[PDB]
Amino acid sequence: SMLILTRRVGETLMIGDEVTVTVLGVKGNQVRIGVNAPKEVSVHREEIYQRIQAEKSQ
Amino acid sequence: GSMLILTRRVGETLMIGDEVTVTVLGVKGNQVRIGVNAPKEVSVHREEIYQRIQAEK
């Protein structure tokens, strides 16, 4: 299920025990986001993530 | 930990690990509507709310 909420610029969301996702700013329909996560946790834009999955399948 | 700064337009998504996704659902002024997909056992908290909970022990 998808958790849907609101975050204003400057506000943060905590995922799990070590990850944070912060809205750093908004420009039209563009959102500048800051993700802080432990070294072991990878963070990728979806377009990159998809290619990674496709290449891990070989 | 490390910091990653990126841009996501409404409708775009980012992945954290292999089980979590964050999607920008909309923008109204300075507020952003966000959709988060995570496994049942992964807590999702608004930082300012979690801090209050922590404070009240």
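Numbered from 1 within each chain, the chains take letters A, B, ... in sequence-line order.
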Practice item. List the steps and the verdict of side-chain contact (heavy atoms from CB on, under 4.5 Å) for B:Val36 and A:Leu13. Key: CA-CA 10 Å; B:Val36 177; A:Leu13 193 165; 3.7 Å; yes
Check your understanding: Top residue by heavy-atom pair count (under 4.5 Å) with chain B, among A:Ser1, A:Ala37, A:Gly34?
Key -> A:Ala37
Revision key, fill the gap. Ranked by heavy-atom pairs below 4.5 Å to chain B, first place among A:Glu40, A:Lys27, A:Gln30 goes to A:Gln30
Review point. Taking A:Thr12, A:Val31, A:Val26, A:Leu24 one by one, which has the highest count of heavy-atom pairs under 4.5 Å against chain B?
Key: A:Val31
Practice item. Drop me the distance from B:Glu47's CD to B:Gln51's CD, to the nearest 0.5 angstrom. Key: 4.5 Å
Check your understanding: Under a 4.5 Å heavy-atom cutoff, which of A:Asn29, A:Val21, A:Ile48 has the most pairs with chain B?
Key -> A:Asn29
Exercise for review: To the nearest 0.5 Å, tell me how far B:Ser43 OG sits from A:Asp17 CG.
Suggested key: 6.0 Å
Review point. Picking from A:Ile52, A:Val23, A:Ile33, A:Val43, which has the most non-hydrogen pairs under 4.5 angstrom with chain B?
Key: A:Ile33
Practice item. For chain A, find its close neighbours in residues 1-9 of chain B: heavy-atom separation under 4.5 Å, sorted by number, or none. Key: B:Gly1, B:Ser2, B:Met3, B:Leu4, B:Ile5, B:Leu6, B:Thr7, B:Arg8, B:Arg9
Check your understanding: Quick one: are B:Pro39 and B:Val20 in side-chain contact, heavy atoms under 4.5 Å?
Key -> yes
Check your understanding: Rounded to the nearest 0.5 Å, how far does NZ of A:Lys39 lie from CD of A:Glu18?
Key -> 11.0 Å
Exercise for review: Specify which of A:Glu11, A:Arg32, A:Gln53 makes the most heavy-atom pairs with chain B at under 4.5 Å.
Suggested key: A:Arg32
Point to revise | Validation row, ring centre B:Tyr50 to ring centre B:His45 under 6.0 Å | key: yes
Review point. Given a strict heavy-atom distance threshold of 4.5 Å, which part of A:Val9 is in contact with chain B: side chain, backbone, both, or neither?
Key: both
